[PDB]
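**Q** What follows is a structure written as structure tokens; I'll ask about it next.
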Amino acid sequence: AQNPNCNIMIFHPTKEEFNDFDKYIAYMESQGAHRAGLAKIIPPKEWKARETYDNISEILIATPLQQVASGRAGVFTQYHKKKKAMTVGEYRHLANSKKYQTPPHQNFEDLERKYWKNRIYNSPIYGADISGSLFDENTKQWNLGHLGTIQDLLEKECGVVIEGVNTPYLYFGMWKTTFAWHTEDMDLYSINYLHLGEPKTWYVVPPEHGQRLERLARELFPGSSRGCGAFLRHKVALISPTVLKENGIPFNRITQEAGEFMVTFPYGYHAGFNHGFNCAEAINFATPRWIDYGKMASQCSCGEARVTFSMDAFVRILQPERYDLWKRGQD
Ligand SMILES: O=C(O)CNC(=O)C(=O)O
Ligand SMILES: [Mg+2]
Ligand code: NI
Ligand SMILES: [Zn+2]
């Protein structure tokens with residue numbers, strides 16, 4: 001078995017190898033990359049996502065989210081308070097202010113320490129889930145707005161034809177902005193490209209050990225657990241590496257820098273934070289191997305996680321028994 005310790009793998013495709021996206025994903029899996037839950041892909045040196053970022057300040061963040069924490073430094077929840085709209089120019093200036101900027105630090109490790117020690121005491125502002133793309137339409141390789149769609153994968157593998165579309169989303173981050181522990185909707189893959197700015201640190205649990213993280217989460221957030229049988233779908237819970245190590249949960253960590261891709265694999269729990277002002281683009285995708293994960297994916301039926309138009313159809317076709325009760329939570 002390849003990659004039996006479930007380490008995060010890092011790939012350096014040549015420009016020739018960067019032409020066929022599906023084939024490269026299948027290559028990485030042949031090397032065991034999926035066992036980690038997360039892989040890094042460094043694009044060929046000749047490749048670019050676009051020519052410059054010189055005119056991005058006019059993008060609107062219509063609903064910036066202030067991430068307010070509750071709990072203790074290693075075990076907390078966050079709630080997202082909606083703020084008034086601001087442009088990416090305004091947001092970048094805010095990120096660079098004395099109140100919000102990255103503190104002095106020695107290296108990524110000292111910064112990681114400062115994040116876990118100090119995150120709960122602050123409320124950084126995240127511009128998340130903004131529909132759109134920063135890939136130039138002329139970028140032909142690994143353009144996250146030109147991937148094969150999940151609906152088309154389901155049609156090719158299963159013969160069924162369903163409604164729905166699959167488009168990318170932008171994320172504008174600042175120091176301390178946080179993504180809580182989660183898997184993707186319907187335990188899909190995701191791909192995330194860091195277009196610009198400061199790094200993003202990731203934590204991940206191997207898919208084969210995801211249920212260990214779930215059991216710890218039920219112990220650490222016991223009222224949330226009683227409220228919903230899949231409460232990590234709410235994307236509000238944080239657990240530090242120190243707490244994971246104390247509880248024996250297998251995980252790995254890696255820092256993504258500007259110009260790098262990350263891929264998350266089906267049922268790979270992940271969480272992380274941003275080091276400073278940055279912009280990432282991400283989208284879900286599927287392969288044939290995903291289908292069985294989609295059929296088994298948990299769902300939030302308490303109604304908090306409240307998910308997309310396109311996820312309806314996935315549920316309807318892959319989880320017809322759940323269909324019914326799940327759409328009761330989504331209506
Ligand atoms: O970048 C972020 O804030 C969160 N992104 C992801 O969880 C992802 O790409 O799957
Ligand atoms: Mg602009
Ligand atoms: Ni994710
Ligand atoms: Zn729920």
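Each chain in the structure tokens gets a letter, A, B, ..., in the order shown, and its residues are numbered from 1; ligands are numbered from 1 in order too.
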Can you pull out the residues contacting residue 284 in chain A? Cut-off 10 Å, using only C-alpha atoms, and skip same-chain residues under 4 positions away; I want them as a list in words.
**A** residues 144, 147, 149, 150, 166, 167, 168, 169, 184, 185, 186, 187, 188, 189, 190, 191, 192, 263 and 264 of chain A
**Q** Output N, CA and C atoms for every residue in that selection, as an mmCIF file, in the first residue's frame.
**A**
```cif
data_model
loop_
_atom_site.group_PDB
_atom_site.id
_atom_site.type_symbol
_atom_site.label_atom_id
_atom_site.label_comp_id
_atom_site.auth_asym_id
_atom_site.auth_seq_id
_atom_site.Cartn_x
_atom_site.Cartn_y
_atom_site.Cartn_z
ATOM 1 N N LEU A 144 -9.409 26.797 -12.407
ATOM 2 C CA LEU A 144 -10.485 26.275 -11.543
ATOM 3 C C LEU A 144 -11.837 26.698 -12.015
ATOM 4 N N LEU A 147 -12.898 23.443 -14.947
ATOM 5 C CA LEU A 147 -12.851 22.050 -14.659
ATOM 6 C C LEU A 147 -14.143 21.329 -15.175
ATOM 7 N N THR A 149 -17.452 19.266 -14.519
ATOM 8 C CA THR A 149 -18.367 19.525 -13.447
ATOM 9 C C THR A 149 -18.731 18.209 -12.766
ATOM 10 N N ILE A 150 -19.140 18.347 -11.532
ATOM 11 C CA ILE A 150 -19.561 17.165 -10.770
ATOM 12 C C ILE A 150 -20.789 16.543 -11.359
ATOM 13 N N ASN A 166 -21.602 24.189 -10.989
ATOM 14 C CA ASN A 166 -20.371 23.949 -10.148
ATOM 15 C C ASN A 166 -19.481 25.177 -10.434
ATOM 16 N N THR A 167 -19.385 26.221 -9.560
ATOM 17 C CA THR A 167 -18.510 27.338 -9.938
ATOM 18 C C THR A 167 -17.554 27.639 -8.762
ATOM 19 N N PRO A 168 -16.454 28.392 -9.057
ATOM 20 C CA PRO A 168 -15.500 28.619 -8.004
ATOM 21 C C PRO A 168 -15.903 29.706 -7.033
ATOM 22 N N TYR A 169 -15.215 29.779 -5.929
ATOM 23 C CA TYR A 169 -15.384 30.812 -4.967
ATOM 24 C C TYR A 169 -14.054 31.408 -4.514
ATOM 25 N N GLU A 184 -15.780 18.349 2.905
ATOM 26 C CA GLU A 184 -16.553 19.046 1.903
ATOM 27 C C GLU A 184 -17.994 18.580 1.894
ATOM 28 N N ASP A 185 -18.840 19.444 1.291
ATOM 29 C CA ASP A 185 -20.236 19.001 1.091
ATOM 30 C C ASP A 185 -20.188 17.652 0.322
ATOM 31 N N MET A 186 -21.021 16.707 0.779
ATOM 32 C CA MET A 186 -21.117 15.407 0.139
ATOM 33 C C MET A 186 -19.769 14.669 0.044
ATOM 34 N N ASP A 187 -18.884 15.049 0.997
ATOM 35 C CA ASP A 187 -17.520 14.502 1.064
ATOM 36 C C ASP A 187 -16.814 14.548 -0.288
ATOM 37 N N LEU A 188 -17.036 15.620 -1.047
ATOM 38 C CA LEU A 188 -16.334 15.926 -2.316
ATOM 39 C C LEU A 188 -14.871 16.194 -2.139
ATOM 40 N N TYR A 189 -14.122 16.189 -3.225
ATOM 41 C CA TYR A 189 -12.779 16.784 -3.203
ATOM 42 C C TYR A 189 -12.914 18.275 -3.167
ATOM 43 N N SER A 190 -11.862 19.001 -2.758
ATOM 44 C CA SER A 190 -11.740 20.404 -3.112
ATOM 45 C C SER A 190 -10.366 20.671 -3.669
ATOM 46 N N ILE A 191 -10.232 21.732 -4.467
ATOM 47 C CA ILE A 191 -8.952 22.260 -4.896
ATOM 48 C C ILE A 191 -8.926 23.729 -4.580
ATOM 49 N N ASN A 192 -7.816 24.211 -4.067
ATOM 50 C CA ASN A 192 -7.663 25.541 -3.565
ATOM 51 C C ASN A 192 -6.366 26.121 -4.068
ATOM 52 N N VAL A 263 -5.051 20.185 -2.719
ATOM 53 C CA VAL A 263 -6.191 19.329 -2.978
ATOM 54 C C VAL A 263 -6.592 18.663 -1.706
ATOM 55 N N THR A 264 -7.860 18.739 -1.297
ATOM 56 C CA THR A 264 -8.406 17.910 -0.241
ATOM 57 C C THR A 264 -9.194 16.759 -0.846
#
```
**Q** Do a neighbour search on range 245-262 of chain A at 8 Å with only C-alpha atoms, toss out local chain neighbours closer than 5 positions, and write the hits as a PyMOL selection string.
**A** chain A and resi 7-8+36+38-43+191-206+209+212-213+216
**Q** Quote the spacing between CA of residue 285 in chain A and atom 6 (C, counted along the ligand's line) of ligand 1 in Å to one decimal place.
**A**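 So the two atoms, CA of residue 285 in chain A and atom 6 (C, counted along the ligand's line) of ligand 1, lie 12.4 Å apart.
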**Q** Report as JSON lines the residues of range 184-284 of chain A within 7 Å of range 86-109 of chain A, each with its shortest atom pair and distance in Å (one decimal), using only C-alpha atoms, ordered by chain and increasing residue number.
**A**
```
{"residue": "A:275", "atom": "CA", "partner": "A:102", "partner_atom": "CA", "distance": 6.6}
{"residue": "A:276", "atom": "CA", "partner": "A:102", "partner_atom": "CA", "distance": 5.6}
{"residue": "A:277", "atom": "CA", "partner": "A:95", "partner_atom": "CA", "distance": 5.8}
```
**Q** Produce a file of the selected residues containing C-alpha atoms, as a PDB file, in the first residue's frame.
**A**
```pdb
ATOM      1  CA  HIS A 275      -1.062  34.347   8.167  1.00  0.00           C
ATOM      2  CA  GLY A 276      -2.018  37.775   6.764  1.00  0.00           C
ATOM      3  CA  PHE A 277      -3.788  39.432   3.821  1.00  0.00           C
TER       4      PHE A 277
END
```
**Q** As a ChimeraX atom specification, please: every residue in range 116-323 of chain A that a backbone DSSP assignment puts in alpha helix (DSSP H).
**A** /A:116-118,150-158,210-220,222-227,241-246,290-296,309-318,323
**Q** Please produce a file of the residues just selected, as a compact mmCIF listing (two decimals), in the first residue's frame, where the atoms kept are N, CA and C atoms.
**A**
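New file again_39.txt:
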```txt
# COMPACT_ATOMS: atom_id res chain seq x y z
N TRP A 116 -2.48 29.87 18.02
CA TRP A 116 -3.16 29.03 18.99
C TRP A 116 -3.24 29.67 20.35
N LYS A 117 -2.22 30.43 20.74
CA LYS A 117 -2.26 31.04 22.01
C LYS A 117 -3.29 32.14 22.02
N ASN A 118 -3.37 32.94 20.95
CA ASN A 118 -4.04 34.20 20.94
C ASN A 118 -5.29 34.32 20.09
N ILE A 150 -19.14 18.35 -11.53
CA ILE A 150 -19.56 17.16 -10.77
C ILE A 150 -20.79 16.54 -11.36
N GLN A 151 -21.67 17.36 -11.93
CA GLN A 151 -22.88 16.83 -12.57
C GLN A 151 -22.48 15.97 -13.78
N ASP A 152 -21.49 16.42 -14.54
CA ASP A 152 -21.04 15.68 -15.65
C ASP A 152 -20.31 14.39 -15.21
N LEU A 153 -19.57 14.46 -14.10
CA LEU A 153 -18.96 13.20 -13.57
C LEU A 153 -20.05 12.20 -13.20
N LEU A 154 -21.09 12.64 -12.51
CA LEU A 154 -22.19 11.73 -12.16
C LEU A 154 -22.87 11.19 -13.38
N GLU A 155 -23.01 11.97 -14.45
CA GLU A 155 -23.61 11.47 -15.66
C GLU A 155 -22.72 10.42 -16.36
N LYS A 156 -21.45 10.68 -16.46
CA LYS A 156 -20.52 9.77 -17.06
C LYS A 156 -20.41 8.49 -16.28
N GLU A 157 -20.40 8.55 -14.96
CA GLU A 157 -20.21 7.29 -14.18
C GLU A 157 -21.49 6.56 -13.98
N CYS A 158 -22.57 7.26 -13.83
CA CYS A 158 -23.86 6.63 -13.33
C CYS A 158 -25.03 6.71 -14.33
N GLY A 210 -11.06 9.58 10.01
CA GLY A 210 -12.01 10.63 10.27
C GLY A 210 -12.98 10.45 11.39
N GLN A 211 -13.42 9.21 11.58
CA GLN A 211 -14.37 8.94 12.68
C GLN A 211 -13.75 9.17 14.04
N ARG A 212 -12.42 9.05 14.16
CA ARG A 212 -11.73 9.38 15.44
C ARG A 212 -11.85 10.87 15.74
N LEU A 213 -11.72 11.71 14.74
CA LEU A 213 -11.92 13.13 14.95
C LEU A 213 -13.38 13.43 15.32
N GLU A 214 -14.32 12.78 14.65
CA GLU A 214 -15.75 12.95 15.00
C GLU A 214 -16.01 12.56 16.44
N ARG A 215 -15.47 11.44 16.90
CA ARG A 215 -15.75 11.04 18.29
C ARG A 215 -15.15 12.03 19.22
N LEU A 216 -13.95 12.55 18.98
CA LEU A 216 -13.40 13.57 19.86
C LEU A 216 -14.28 14.79 19.82
N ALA A 217 -14.73 15.22 18.63
CA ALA A 217 -15.56 16.40 18.57
C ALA A 217 -16.85 16.24 19.37
N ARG A 218 -17.45 15.07 19.30
CA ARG A 218 -18.69 14.86 20.13
C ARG A 218 -18.35 15.02 21.62
N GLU A 219 -17.18 14.60 22.09
CA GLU A 219 -16.80 14.72 23.51
C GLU A 219 -16.54 16.18 23.84
N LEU A 220 -15.89 16.91 22.93
CA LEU A 220 -15.50 18.30 23.19
C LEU A 220 -16.58 19.36 23.01
N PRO A 222 -20.26 18.75 23.47
CA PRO A 222 -21.31 17.79 23.69
C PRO A 222 -22.77 18.31 23.41
N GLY A 223 -23.04 19.52 23.69
CA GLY A 223 -24.40 20.04 23.36
C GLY A 223 -24.60 20.16 21.85
N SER A 224 -23.55 20.56 21.15
CA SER A 224 -23.62 20.62 19.64
C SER A 224 -23.91 19.23 19.09
N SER A 225 -23.27 18.23 19.64
CA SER A 225 -23.44 16.85 19.24
C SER A 225 -24.86 16.36 19.46
N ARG A 226 -25.47 16.72 20.61
CA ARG A 226 -26.85 16.32 20.85
C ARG A 226 -27.81 17.03 19.91
N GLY A 227 -27.50 18.24 19.50
CA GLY A 227 -28.35 19.03 18.60
C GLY A 227 -28.38 18.55 17.16
N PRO A 241 -3.85 21.67 17.43
CA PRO A 241 -2.98 20.53 17.38
C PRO A 241 -2.57 19.92 18.71
N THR A 242 -2.33 20.74 19.68
CA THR A 242 -2.02 20.22 21.01
C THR A 242 -3.13 19.34 21.56
N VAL A 243 -4.40 19.77 21.41
CA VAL A 243 -5.52 18.96 21.84
C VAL A 243 -5.66 17.69 21.06
N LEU A 244 -5.41 17.73 19.74
CA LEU A 244 -5.47 16.53 18.95
C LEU A 244 -4.35 15.54 19.44
N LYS A 245 -3.15 16.06 19.65
CA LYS A 245 -2.04 15.18 20.12
C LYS A 245 -2.40 14.60 21.50
N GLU A 246 -2.99 15.37 22.38
CA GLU A 246 -3.33 14.87 23.75
C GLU A 246 -4.30 13.73 23.67
N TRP A 290 -14.79 9.14 -5.87
CA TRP A 290 -15.71 9.90 -4.93
C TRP A 290 -17.08 9.29 -4.75
N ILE A 291 -17.63 8.62 -5.80
CA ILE A 291 -19.03 8.27 -5.74
C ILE A 291 -19.45 7.48 -4.47
N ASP A 292 -18.68 6.49 -4.05
CA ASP A 292 -19.00 5.82 -2.87
C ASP A 292 -18.97 6.67 -1.59
N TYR A 293 -18.09 7.68 -1.58
CA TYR A 293 -18.09 8.65 -0.47
C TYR A 293 -19.31 9.53 -0.48
N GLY A 294 -19.72 9.95 -1.65
CA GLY A 294 -20.94 10.67 -1.74
C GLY A 294 -22.17 9.92 -1.24
N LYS A 295 -22.23 8.63 -1.52
CA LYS A 295 -23.32 7.84 -1.03
C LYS A 295 -23.38 7.68 0.49
N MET A 296 -22.24 7.75 1.14
CA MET A 296 -22.09 7.55 2.57
C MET A 296 -21.97 8.81 3.38
N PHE A 309 -28.26 24.65 -3.89
CA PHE A 309 -29.06 24.17 -4.92
C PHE A 309 -28.53 22.87 -5.56
N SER A 310 -27.26 22.85 -5.91
CA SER A 310 -26.68 21.67 -6.57
C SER A 310 -26.54 20.45 -5.65
N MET A 311 -26.36 20.68 -4.36
CA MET A 311 -26.25 19.54 -3.40
C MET A 311 -27.56 18.83 -3.31
N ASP A 312 -28.71 19.49 -3.43
CA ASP A 312 -30.03 18.81 -3.54
C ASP A 312 -30.01 17.65 -4.41
N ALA A 313 -29.57 17.80 -5.66
CA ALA A 313 -29.62 16.73 -6.58
C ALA A 313 -28.72 15.59 -6.23
N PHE A 314 -27.54 15.93 -5.67
CA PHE A 314 -26.63 14.89 -5.23
C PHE A 314 -27.31 13.99 -4.18
N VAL A 315 -27.97 14.61 -3.22
CA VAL A 315 -28.67 13.90 -2.18
C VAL A 315 -29.81 13.04 -2.74
N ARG A 316 -30.56 13.67 -3.64
CA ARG A 316 -31.67 12.97 -4.25
C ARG A 316 -31.28 11.74 -4.98
N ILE A 317 -30.19 11.75 -5.74
CA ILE A 317 -29.76 10.61 -6.46
C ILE A 317 -28.91 9.63 -5.65
N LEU A 318 -27.93 10.08 -4.85
CA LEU A 318 -27.07 9.17 -4.15
C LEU A 318 -27.61 8.72 -2.80
N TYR A 323 -33.15 11.72 1.33
CA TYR A 323 -33.82 12.84 0.65
C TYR A 323 -34.94 13.77 1.25
```
**Q** Could you pull out the residues sitting within 6 Å of ligand 2, using only C-alpha atoms and all ligand atoms, and write them as a ChimeraX atom specification?
**A** /A:55-59
**Q** For the residues in that selection, give me N, CA, C and O atoms as a compact mmCIF listing (two decimals), in the first residue's frame.
**A**
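Output (again-v8.txt):
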```txt
# COMPACT_ATOMS: atom_id res chain seq x y z
N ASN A 55 -5.34 44.86 -10.68
CA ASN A 55 -6.60 45.54 -10.60
C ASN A 55 -7.76 44.83 -9.83
O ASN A 55 -8.90 44.85 -10.37
N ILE A 56 -7.46 44.17 -8.68
CA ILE A 56 -8.39 43.35 -7.90
C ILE A 56 -9.11 44.08 -6.80
O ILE A 56 -10.05 43.60 -6.18
N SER A 57 -8.68 45.34 -6.54
CA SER A 57 -9.23 46.06 -5.47
C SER A 57 -10.67 46.42 -5.63
O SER A 57 -11.35 46.76 -4.66
N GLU A 58 -11.17 46.34 -6.86
CA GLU A 58 -12.57 46.65 -7.10
C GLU A 58 -13.61 45.53 -6.92
O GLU A 58 -14.83 45.76 -7.00
N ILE A 59 -13.11 44.33 -6.64
CA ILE A 59 -13.99 43.25 -6.26
C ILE A 59 -14.71 43.64 -4.97
O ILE A 59 -14.09 44.21 -4.04
```
**Q** Can you work out which residues are within 6 Å of ligand 4, considering only C-alpha atoms and all ligand atoms, and then hand them over as a PDB file with N, CA, C and O atoms, in the first residue's frame?
**A**
```pdb
ATOM      1  N   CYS A 228     -27.294  17.877  16.710  1.00  0.00           N
ATOM      2  CA  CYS A 228     -27.156  17.548  15.285  1.00  0.00           C
ATOM      3  C   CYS A 228     -26.201  16.392  15.155  1.00  0.00           C
ATOM      4  O   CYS A 228     -25.036  16.489  15.610  1.00  0.00           O
ATOM      5  N   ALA A 230     -24.544  15.571  12.645  1.00  0.00           N
ATOM      6  CA  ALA A 230     -23.376  15.930  11.786  1.00  0.00           C
ATOM      7  C   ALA A 230     -22.963  17.347  11.974  1.00  0.00           C
ATOM      8  O   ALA A 230     -22.806  18.122  11.075  1.00  0.00           O
ATOM      9  N   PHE A 231     -22.803  17.765  13.261  1.00  0.00           N
ATOM     10  CA  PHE A 231     -22.569  19.171  13.482  1.00  0.00           C
ATOM     11  C   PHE A 231     -21.279  19.801  12.961  1.00  0.00           C
ATOM     12  O   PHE A 231     -21.230  20.999  12.829  1.00  0.00           O
ATOM     13  N   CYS A 300     -26.227  17.134   7.755  1.00  0.00           N
ATOM     14  CA  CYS A 300     -26.889  18.025   8.771  1.00  0.00           C
ATOM     15  C   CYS A 300     -28.429  17.985   8.408  1.00  0.00           C
ATOM     16  O   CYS A 300     -28.829  18.533   7.368  1.00  0.00           O
ATOM     17  N   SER A 301     -29.209  17.463   9.314  1.00  0.00           N
ATOM     18  CA  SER A 301     -30.683  17.628   9.228  1.00  0.00           C
ATOM     19  C   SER A 301     -31.271  18.573  10.342  1.00  0.00           C
ATOM     20  O   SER A 301     -32.465  18.919  10.214  1.00  0.00           O
ATOM     21  N   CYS A 302     -30.446  19.070  11.322  1.00  0.00           N
ATOM     22  CA  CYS A 302     -30.918  20.172  12.212  1.00  0.00           C
ATOM     23  C   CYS A 302     -31.260  21.437  11.483  1.00  0.00           C
ATOM     24  O   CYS A 302     -31.967  22.310  12.014  1.00  0.00           O
ATOM     25  N   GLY A 303     -30.730  21.617  10.296  1.00  0.00           N
ATOM     26  CA  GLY A 303     -31.069  22.784   9.488  1.00  0.00           C
ATOM     27  C   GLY A 303     -30.109  23.921   9.529  1.00  0.00           C
ATOM     28  O   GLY A 303     -30.262  24.856   8.744  1.00  0.00           O
ATOM     29  N   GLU A 304     -29.089  23.868  10.424  1.00  0.00           N
ATOM     30  CA  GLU A 304     -28.096  24.910  10.450  1.00  0.00           C
ATOM     31  C   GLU A 304     -27.224  24.983   9.174  1.00  0.00           C
ATOM     32  O   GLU A 304     -26.903  26.074   8.752  1.00  0.00           O
ATOM     33  N   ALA A 305     -26.779  23.850   8.603  1.00  0.00           N
ATOM     34  CA  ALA A 305     -25.731  23.927   7.574  1.00  0.00           C
ATOM     35  C   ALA A 305     -26.271  24.415   6.211  1.00  0.00           C
ATOM     36  O   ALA A 305     -25.543  25.020   5.426  1.00  0.00           O
TER      37      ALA A 305
END
```
**Q** Just list the residues in range 143-299 of chain A DSSP gives strand (DSSP E) on the backbone, as a ChimeraX atom specification.
**A** /A:169-173,178-182,189-197,200-204,237-239,252-256,261-264,270-274,278-285
**Q** Give me the residues near range 13-21 of chain A as a PDB file with C-alpha atoms, in the first residue's frame, where near means some atom within 7 Å (using only C-alpha atoms) and where sequence neighbours in that chain fewer than 4 positions away do not count.
**A**
```pdb
ATOM      1  CA  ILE A  25      -5.269  13.456  -9.807  1.00  0.00           C
ATOM      2  CA  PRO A  43       2.746  24.344 -10.629  1.00  0.00           C
ATOM      3  CA  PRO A  44       5.397  24.168 -13.316  1.00  0.00           C
ATOM      4  CA  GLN A 141      -4.036  24.330 -17.355  1.00  0.00           C
ATOM      5  CA  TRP A 142      -5.552  23.914 -13.879  1.00  0.00           C
TER       6      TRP A 142
END
```
**Q** Ranking A:207, A:132, A:74, A:127 by minimum distance to ligand 1 and counting only C-alpha atoms and all ligand atoms, which one comes first?
**A**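 The closest residue to ligand 1 is A:127.
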**Q** Would you pick out the contacts of residue 6 in chain A at 8 Å or less, using only C-alpha atoms, so that residues sharing its chain but fewer than 4 positions from it are not included, and give the list as a list in words?
**A**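 The residues that qualify are residues 32, 33, 34, 35, 36, 37 and 206 of chain A.
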**Q** Go through A:27, A:221, A:47, A:171 one by one, measure the shortest atom-to-atom distance of each to residue 279 in chain A using only C-alpha atoms, and give the residue with the smallest value.
**A** A:171
